[PDB]
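Below is one structure, written out as structure tokens; the observations come after it.
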Ligand SMILES: COC1=C(OC)C(=O)C(C/C=C(\C)CC/C=C(/C)CC/C=C(\C)CC/C=C(/C)CC/C=C(\C)CC/C=C(\C)CC/C=C(\C)CC/C=C(/C)CC/C=C(\C)CCC=C(C)C)=C(C)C1=O
Ligand SMILES: CCCCCCCCCCCCCCCCCC(=O)OC[C@H](COP(=O)([O-])OCC[N+](C)(C)C)OC(=O)CCCCCCCCCCCCCCCCC
Ligand SMILES: Nc1ncnc2c1ncn2[C@@H]1O[C@H](COP(=O)(O)OP(=O)(O)O)[C@@H](O)[C@H]1O
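Residue numbers (the deposited numbering), protein chains in the order written: chain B6, 60 to 129; chain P1, 22 to 251; chain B7, 5 to 120; chain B4, 33 to 49; chain 5B, 1 to 50; chain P2, 23 to 189; chain AC, 36 to 133; chain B8, 26 to 200; chain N5, 301 to 750.
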């Protein structure tokens with residue numbers, strides 16, 4: 060579509076180009092990556108995976124599912 | 022208006038040569054492995070035996086039409102020629118000749134001829150009856166006029182590629198408007214009425230026979246401008 | 005001897021089935037005894053999906069795949085009754101006369117298109 | 033009941049703020 | 001079959017319009033919206049009942 | 023529209039309009055004798071393949087006479103079997119370009135030899151076939167400028183622009 | 036980029052397409068009609084009746100002009116056109132003329 | 026290119042002028058906008074005057090597809106034999122076994138583990154181990170089909186054993 | 301990726317609202333607002349159904365973990381809920397609500413009407429919505445809760461019937477659509493119905509394969525038709541197209557590949573998934589005649605819409621406007637940079653097709669190979685549908701042959717039928733005759749002589 064003038068006072072995103080977008084991309088990507096790394100560690104503390112190939116669950120081990128003793 | 026000459030890295034016409042196999046363009050050069058170059062370079066094609074084989078096989082020059090006027094051989098001694106089909110009649114006859122080899126071949130070579138017939142029945146009724154066959158039945162392959170009877174001899178194509186000639190009285194001929202036969206036969210005129218003249222449709226009213234004439238067919242002025250045919 | 009038996013004639017326990025991660029579809033069938041060595045060999049012989057999809061002998065996993073393929077053929081034939089069905093298809097009159105399986109033969113209709 | 037598709041003159045007497 | 005009504009634009013239009021299912025559903029939805037929200041809820045419900 | 027046929031004859035005093043320089047001879051035997059004519063014939067072999075196998079209606083004209091009294095053309099065309107004489111009614115000939123000639127055939131034609139005159143295709147609408155001339159040839163300037171060959175007598179907008187459409 | 040200052044809408048010449056190009060294309064399209072005897076007698080100030088265009092011929096010519104200029108013209112506007120100059124002015128000032 | 030186009034005109038968003046009274050009986054029946062207001066529901070198939078005429082037209086034109094479906098079903102019905110489909114008969118103690126085991130053990134109606142004098146029946150969502158409906162029909166059909174396939178395999182084995190015995194008798198008898 | 305029903309409901313509401321925002325991208329238009337609001341209303345009804353199903357599950361089991369619910373729902377099969385004057389089975393009511401929620405999102409007959417109106421969204425949005433995601437949410441609901449639907453009589457009756465009806469309806473309407481986006485939307489409706497049928501077959505591997513193939517090739521076709529629409533300047537109907545092969549060469553060729561894969565044409569991955577669908581179709585349904593007829597008519601409908609879209613867009617006559625063609629063919633524009641699309645678009649579509657082929661081949665090798673190497677699907681309902689894939693009988697082969705020959709006859713019809721006068725009309729009939737004779741002789745020679 061043909062470009063048309065945009066009011067200077069309006070904080071809209073129509074045909075908005077930031078000449079310094081590279082540093083903004085750097086400083087919006089890397090700290091986001093660090094935040095997600097911290098959240099990833101926190102969630103990896105509480106993570107469950109089935110036994111690997113060749114590994115079985117001993118039914119009498121504490122890891123095995125348990126039933127309530129009334 | 023093109024400005025590719027102003028720039029060096031701009032694409033040239035020689036780069037647009039792989040598109041010649043996909044885009045029609047007047048010839049510029051002959052490649053090493055082009056068929057013409059192969060035929061004109063290998064000496065085995067210069068030998069007389071290949072030249073004689075080519076000059077005596079494939080299409081013959083006797084079958085090539087040598088004029089824009091043709092007089093087909095008379096069907097009867099007294100009859101005079103009026104109209105003849107050119108290529109649609111040939112294609113119709115070659116298509117209906119398939120029933121003479123493919124249909125028996127289907128019986129003798131298909132594991133399930135009943136399956137073949139069960140799939141062919143709806144193909145005929147839903148697609149092929151209104152496409153080729155019914156047009157062929159009403160197609161006028163040839164039309165001459167016998168003056169002693171004051172009748173028209175119409176030669177048509179039958180089921181297995183047959184040819185048969187029927188006589189229709191001139192006074193019983195009527196003109197059938199396309200709008201008169203438009204809605205009742207819309208499917209035929211939708212998929213199988215393009216090669217025949219829908220604005221030139223006739224009918225023998227005694228038997229309800231429809232006469233369709235090919236758009237590419239040839240008409241004789243002498244026969245058409247006859248007092249019997251007005 | 006039996007098609008479900010593997011090369012070593014060894015039956016696998018529930019713990020071994022769990023440890024070797026047998027798919028439930030294979031577990032439902034009777035071919036776990038022949039499937040388990042094949043999966044063990046494939047784990048010991050990691051190959052790309054193209055290798056499995058192209059090799060007809062399954063490469064290194066040859067004997068294990070032979071045993072598993074015999075078991076699979078028998079298993080899918082019996083789950084299909086395809087032997088009886090093909091016997092009745094080849095000659096419906098002779099199969100009925102011989103009484104291969106009256107239960108299937110009493111409700112068998114070949115179809116008009118297939119040679120009546 | 034439904035609105036009138038016909039073009040009507042602007043109201044002269046109507047409740048206002 | 002020399003006469004076919006499945007190639008006329010009437011049948012083609014019918015099929016292209018999705019068998020008129022959307023049209024019928026939207027007509028019934030307008031019926032419901034008018035008869036429930038306006039006449040029954042705000043007029044009968046609020047003007048009369050409330 | 024309708025291919026109404028009219029009887030035609032010859033004037034017995036034809037005016038030469040076109041003559042292929044390479045294909046000067048009685049027929050295919052003398053074409054074999056000529057070294058250049060033989061090479062051109064071998065290059066025209068795929069042209070004949072398109073003509074026969076692909077059912078592309080085409081003729082390679084090596085000579086052309088004109089009869090103004092009957093308004094007829096007297097083409098002598100070359101095919102894989104030799105030279106054949108064809109008479110074309112003047113009103114049945116229209117100009118057509120290389121793109122129309124190629125796109126008429128649904129099959130992809132073989133790469134054309136360099137001696138085909140791609141700018142001068144002539145379509146016979148009655149016979150529905152193309153005529154292609156040779157690049158190295160003598161066009162009789164006096165012959166082609168005959169008053170009966172003038173477009174003011176021959177040009178018909180509907181036939182020249184609207185009759186032949188390739189879709 | 037934007038000059039960072041307030042800049043108003045530029046009306047410029049007021050034509051979204053070249054008026055002379057539009058007029059020439061329209062006159063060429065009109066001359067294509069079978070009932071227009073003299074293409075060289077067509078002027079922007081000329082009337083449709085003056086250039087021998089009946090109402091139905093005008094309808095056909097305007098439909099083909101709509102096809103050519105990549106726009107559609109309302110019947111009220113089409114009846115509003117009294118001269119080729121008016122038609123060209125309306126087409127050139129249209130934002131969708133192409 | 027080739028012309029200095031002015032800016033996009035304000036006519037691209039024409040101002041809508043209200044010429045009619047906005048009835049309260051059409052409340053929210055219109056998408057209101059100062060440019061191009063619309064009715065809340067669009068009827069592209071307005072050539073059908075009503076929804077009843079639309080239903081009549083739909084059922085009249087859908088008859089062709091009913092006929093085509095009938096033709097396809099007839100073609101596949103006079104030319105195809107029903108297949109041997111069902112649950113895997115090598116695992117009947119699984120999906121089929123668990124269903125009947127649950128309907129047999131009746132563990133949902135046992136006594137409370139504390140003696141609270143309340144069982145599973147004392148709830149809005151309560152067990153019913155004598156229901157005999159729902160998916161039980163499909164379960165019974167699957168079990169019957171599995172039994173039928175097992176019987177077919179057994180009959181085939183018996184037939185082959187009988188054929189082998191008959192051949193042995195025939196060859197041995199002649200000597 | 302939900303682990304609980306609460307994360308499931310959160311994702312349901314999130315996809316609903318994000319689809320509403322995607323559909324209503326042209327916020328300045330109220331004509332877009334009404335379509336987005338219809339989609340929003342259907343999403344809210346789906347949310348109601350999902351919430352009520354989750355509430356019933358919680359009131360029954362006091363549990364929201366999906367694994368725990370799946371592994372213990374079998375204990376509650378013999379249960380009923382006293383709702384008003386009726387005693388509805390516990391599995392039946394939960395399955396009814398989940399199935400209604402799935403049918404609204406994964407567009408089925410009746411609840412499909414929002415999907416054709418959701419084409420006001422930009423082409424990338426429509427590609428994401430229709431290929432996967434929004435219309436695959438119901439398939440995810442069915443697959444994630446597979447043990448629940450194995451024990452439901454309502455599922456057994458409603459999944460195949462509604463799936464077949466939806467497939468037939470969508471394919472048939474797509475075969476008649478002149479808009480490219482509407483054509484692909486109705487194709488998506490048809491393939492969602494086919495996915496429902498595939499789930500009703502009891503084989504989840506076939507469902508996964510069909511989902512992957514349809515998503516990949518529908519997305520690629522959506523991108524191609526989006527480039528075509530942009531070139532045509534926001535005119536989506538192909539009645540104003542034709543001759544775009546020269547202006548959009550890459551679009552033409554990529555669209556050809558993606559349509560022959562998508563429409564289930566023979567010798568393609570779509571053909572494989574359709575054949576797998578017909579392998580496992582159960583024949584014990586009361587309404588099997590209608591179901592099977594609808595499935596056949598919807599499976600044969602891919603040829604029509606694929607051929608119509610491709611030929612009308614690229615190789616028909618020039619039905620478009622002169623401004624579209626002439627402005628892109630000026631001699632000044634001739635350069636090595638000339639393109640009516642973007643190099644980035646071309647590379648994206650090429651890599652999408654390549655990765656789609658690789659992933660579909662990997663899935664086929666993991667599932668359809670003799671050595672079954674797929675991971676556990678957490679389903680204990682194992683039928684014998686794989687037997688006909690491994691060791692089929694002759695009757696099934698002959699039935700699939702019937703289907704293949706129906707497809708062949710439809711191909712013959714679409715290729716050779718002349719709906720308009722042409723100079724090649726006679727030669728087209730001649731070509732058909734010689735093709736029939738050549739096919740007969742080729743069959744004779746390849747089977748008996750040598
Ligand atoms: C073409 O669609 C249609 C649409 O598009 C999907 C539509 O949008 C709409 C528009 C609808 C609305 C606006 C709202 C209405 C809502 C709906 C859900 C309507 C949907 C309508 C249909 C899906 C069409 C159904 C109509 C018919 C006539 C069914 C078509 C199938 C046949 C005619 C096949 C005939 C079957 C026969 C003869 C079976 C005979 C029995 C045997 C051979 C015994 C076999 C032995 C067994 C063990 C098998 C058991 C089989 C049984 C019991 C038969 C039962 C099955 C039946 C079908 C009766 C309409 C009207 C429509 O119309
Ligand atoms: C009692 C009557 C006996 C005779 C009945 C004759 C009915 C058929 C008449 C038409 C025959 C011509 C069409 C088929 C030509 C051979 C094609 C072939 O190889 O078939 C193999 C097979 C032969 O294999 P088969 O029959 O031995 O067994 C394997 C095939 N199944 C399992 C499906 C049966 O031929 C057929 O299946 C024939 C089906 C014909 C269906 C109707 C066709 C109508 C359209 C005609 C044009 C077709 C163009 C070519 C299409 C195929 C190629 C792309
Ligand atoms: N408030 C309303 N009440 C009833 N009908 C309306 C209303 N607004 C619009 N319409 C209908 O919608 C159509 C749109 O008309 P509109 O575009 O506003 O007038 P015009 O066509 O003169 O610009 C009208 O013909 C009218 O029938």
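Think of the CB as a built atom: it goes at the ideal place given N, C-alpha and C, for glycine as much as any other residue.
The stretch 456-467 of chain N5 touching the stretch 380-394 of chain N5, judged by at least three CB pairs closer than 8 Å: Counting C-beta pairs closer than 8 Å gives fewer than three between the stretch 456-467 of chain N5 and the stretch 380-394 of chain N5, which falls short of the contact rule.
Residues that DSSP places opposite residue 150 (chain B8) in a beta bridge: Position 125 of the eighth chain, counting from 1, holds the residue named residue 150 (chain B8). According to DSSP, residue 150 (chain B8) bridges with 381 (chain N5).
Please classify residue 180 (chain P2): does DSSP put it in a helix, a strand, or coil? Within the sixth chain, residue 180 (chain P2) is the residue found at index 158, counting from 1. Reduced to three states, the DSSP call for residue 180 (chain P2) is helix.
Interface residues of chain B8 around residue 64 (chain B6) at Cβ under 7 Å? Position 5 of the first chain, counted from the start, is the residue given in the question as residue 64 (chain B6). The answer, in chain order, is 32.
Residue 96 (chain AC), DSSP secondary structure in three states: Within the seventh chain, the letter at position 61 stands for residue 96 (chain AC). DSSP, reduced to helix, strand and coil, places residue 96 (chain AC) within a helical segment of the structure shown.
Does the Cβ of residue 56 (chain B8) have 16 or more other Cβ atoms within 10 Å, making it buried, or fewer, making it exposed? Translated into the one-based positions of the eighth chain, residue 56 (chain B8) becomes position 31. Under the 10 Å beta carbon count, residue 56 (chain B8) is surrounded by 16 or more other beta carbons and is classified as buried.
According to DSSP, what are the bridge partners of residue 12 (chain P1)? Given that chain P1 is displayed from residue 22 to residue 251, the structure contains no residue 12 (chain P1) and the question cannot be resolved.
Helix, strand or coil: how does DSSP classify residue 43 (chain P1) here? Translated into positions along the second chain, residue 43 (chain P1) becomes position 22. The answer is coil: DSSP assigns residue 43 (chain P1) none of H, G, I, E or B.
Please go through the stretch 164-219 of chain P1 and give each complete beta strand (DSSP E) segment of 3 or more residues, from N-terminal end onward. Within the stretch 164-219 of chain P1, the beta strand (DSSP E) runs of at least 3 residues that lie entirely inside it are, in chain order, 172-179, 183-190, 194-196.
Pull out every residue of the stretch 46-75 of chain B8 whose Cβ sits closer than 8 Å to any Cβ of chain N5, in chain order. Of all residues in the stretch 46-75 of chain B8, those with a C-beta nearer than 8 Å to a C-beta of chain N5 are 56, 57, 58, 60, 61, 62, 63, 65, 66, 67, reading in chain order.
Do the stretch 408-417 of chain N5 and the stretch 477-491 of chain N5 meet, that is, are 3 or more Cβ pairs less than 8 Å apart? Contact between the stretch 408-417 of chain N5 and the stretch 477-491 of chain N5 is present: three or more C-beta pairs spanning the two stretches fall below 8 Å.
Assigned exposure category for residue 82 (chain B6) - 16 Cβ within 10 Å defines buried: To locate residue 82 (chain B6), count along the first chain from 1; it is residue 23. Classification of residue 82 (chain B6): exposed, given that the 10 Å Cβ count is below 16.
Once you ignore the five residues that flank residue 161 (chain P2) on each side, which residues in its own chain have a CB closer than 6 Å to its CB? If you number the sixth chain from 1, residue 161 (chain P2) lands on position 139. Within the same chain, residue 161 (chain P2) has close Cβ partners 40.
For residue 201 (chain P1) and residue 17 (chain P1), the rounded distance between their alpha carbons: The question about residue 17 (chain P1) has no answer here: the residues shown for chain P1 are numbered 22 through 251.
Suppose you measure from the CA of residue 551 (chain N5) to the CA of residue 78 (chain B6); what does that come to, to the nearest Å? Taking the first residue of the ninth chain as 1, we reach residue 551 (chain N5) at position 251. Taking the first residue of the first chain as 1, we reach residue 78 (chain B6) at position 19. The alpha-carbon atoms of residue 551 (chain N5) and residue 78 (chain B6) are separated by roughly 34 Å.
Residue 314 (chain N5) to residue 460 (chain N5), Cα distance in whole Å? Indexing the ninth chain from 1 puts residue 314 (chain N5) at position 14. Indexing the ninth chain from 1 puts residue 460 (chain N5) at position 160. The alpha-carbon atoms of residue 314 (chain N5) and residue 460 (chain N5) are separated by roughly 29 Å.
Is residue 49 (chain AC) near ligand 3 - that is, is its Cβ less than 7 Å away from at least one heavy atom of it? Here residue 49 (chain AC) refers to the residue found at position 14 when the seventh chain is read from its first residue. No, since every heavy atom of ligand 3 falls outside the 7 Å radius drawn around the Cβ of residue 49 (chain AC).
Thinking just about the alpha-carbon of each residue, which of 181 (chain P2), 188 (chain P2), 144 (chain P2), 34 (chain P2) is nearest to the one in residue 80 (chain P2)? As a first step, residue 80 (chain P2) must be located in the sixth chain, where it is residue number 58. Nearest of 181 (chain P2), 188 (chain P2), 144 (chain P2), 34 (chain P2) to residue 80 (chain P2), Cα basis: 144 (chain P2).
Who are residue 146 (chain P2)'s beta bridge partners in DSSP? Residue numbering aside, residue 146 (chain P2) sits at position 124 when the sixth chain is read from its first letter. 115 (chain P2), 151 (chain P2).
At a cut-off of 7 Å, would you count residue 40 (chain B8) as near ligand 3, judging by its Cβ distance to the nearest heavy atom? Start at 1 with the first residue of the eighth chain, and residue 40 (chain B8) comes out as number 15. Because no heavy atom of ligand 3 lies under 7 Å away, the Cβ of residue 40 (chain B8) does not count as near it: no.
With a threshold of 7 Å, establish whether the CB of residue 51 (chain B8) neighbours any heavy atom of ligand 3. Within the eighth chain, residue 51 (chain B8) is the residue found at index 26, counting from 1. Yes, the Cβ of residue 51 (chain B8) comes within 7 Å of a heavy atom of ligand 3.
Please report whether the beta-carbon of residue 138 (chain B8) lies at a distance below 8 Å from any beta-carbon of chain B6. If you number the eighth chain from 1, residue 138 (chain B8) lands on position 113. Taking Cβ atoms only, chain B6 reaches closer than 8 Å to residue 138 (chain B8), which makes this a yes.
With 8 Å set as the bound, which would you pick, yes or no: does the beta-carbon of residue 79 (chain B8) sit closer than that to a beta-carbon of chain 5B? Taking the first residue of the eighth chain as 1, we reach residue 79 (chain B8) at position 54. The Cβ of residue 79 (chain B8) sits closer than 8 Å to at least one Cβ of chain 5B.
Quick check: does the Cβ of residue 84 (chain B8) come within less than 7 Å of any heavy atom belonging to ligand 2? Translated into positions along the eighth chain, residue 84 (chain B8) becomes position 59. In terms of side-chain proximity, the C-beta atom of residue 84 (chain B8) is found no nearer than 7 Å to any non-hydrogen atom of ligand 2.
Starting from residue 464 (chain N5), trace the alpha helix (DSSP H) in both directions and tell me its first and last residue. In the ninth chain, residue 464 (chain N5) corresponds to position 164, counting from 1. Counting along the chain, the alpha helix (DSSP H) containing residue 464 (chain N5) begins and ends at 453-474.
Contact between the stretch 15-23 of chain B7 and the stretch 660-680 of chain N5 is defined here as three or more beta-carbon pairs at a separation below 8 Å; is this criterion met? Verdict: no, contact absent.
With a threshold of 7 Å (Cβ to nearest heavy atom), would residue 105 (chain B8) be considered close to ligand 1? Along the eighth chain, read from residue 1 onward, the residue named residue 105 (chain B8) stands at position 80. It does not: the Cβ of residue 105 (chain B8) is nowhere closer than 7 Å to a heavy atom of ligand 1.
Any heavy atom of ligand 2 inside 7 Å of the beta-carbon of residue 129 (chain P1)? Here residue 129 (chain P1) corresponds to residue number 108 of the second chain, with the count starting at 1. No; taking the cut-off as 7 Å, the Cβ of residue 129 (chain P1) has no heavy atom of ligand 2 nearer than that.
State the beta-bridge partners of residue 77 (chain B7) as determined by DSSP. On the third chain, position 73 is the one that residue 77 (chain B7) refers to. None; residue 77 (chain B7) has no bridge partner.
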